[PDB]
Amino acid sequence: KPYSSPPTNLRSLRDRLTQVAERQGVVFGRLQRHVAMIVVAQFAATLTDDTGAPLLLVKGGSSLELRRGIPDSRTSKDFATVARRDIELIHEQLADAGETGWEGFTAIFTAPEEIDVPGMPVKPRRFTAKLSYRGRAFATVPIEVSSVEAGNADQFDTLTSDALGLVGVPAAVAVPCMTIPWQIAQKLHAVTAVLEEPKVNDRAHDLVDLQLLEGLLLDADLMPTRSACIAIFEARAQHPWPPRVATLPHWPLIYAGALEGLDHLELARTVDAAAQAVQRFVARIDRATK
């Protein structure tokens, strides 16, 4: 019934994924992407400093998927992380871990490329992990790595997944992640950012994530959330705190697209209601003074 042996080859892995995918609701693509992300996260979790503290913390949509589970989260394309070391070292250690392998998975990591960053002294880098299972190509995962900002890597949450255990790979999965206060600060900054007129802010999906994060935030963590928000907004030195949650004209359908699959949750169903919910959250954070 549950597999007592790991998949012998890629085809067995795929066949088990489709079985698990049907067996519990999910489009086969979303489950495969989740599993690929977990494998990458496992390589990332082997990166530690000489005290054993993580060098890489997961953030963004992959973090929320780990926190809440596939059913209760948005689909994340990116595997985004914050790094406590320069990217050359991070990339080298990922490459070593990916060659050594884990539970039959190996990975190649492509070349990190800078992306346009206004408020980062060190800009984020993007690259890709090409995963194989037992020497056979399995999937590709986009990775994004940004540098530490203020105290957003001072502590971490640890989230687990059992998706690999479902297909007969028993090793425990435990992923270090940025804490909710700093996730809120970064998403609030991103969703209220004004972008130079060549490109426009398409980040309506951050209004969904911020509502999901608000539901997870402990009331006793409201004051550290304010401190994190102040820190990020002052470090990036762009628009000031507290921000106004503005909606752009193309956001109504973008927001609706980000809600798809989250009907069972109490979320704003329209971008107007979402902007109002997030603005009330901003006001609540701003009042939690030290």
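Don't overthink the numbering: it's just position in the shown sequence, from 1.
In this entry, the higher average B-factor at the C-alpha atoms falls on 23 to 31, of the pair 59 to 67 and 23 to 31. Note on 203 to 211 vs 164 to 172: mean CA B-factor is higher in 164 to 172. Reading the B-factor column for the CA atoms of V194, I143, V148, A107 in the entry, the top value corresponds to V194. When the modelled residues of the chain are ordered by C-alpha B-factor, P112 sits in the middle third. Ranked within its chain, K130 lands in the middle third, by CA B factor from the PDB record. In the deposited entry, the Cα temperature factor of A53 sits in the middle third of values across the chain's modelled residues.
Compared with the other modelled residues of the chain, the Cα B-factor recorded for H250 ranks in the lowest third. Residue-level temperature factors show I285 in the lowest third of its chain, judged at the C-alpha atom.
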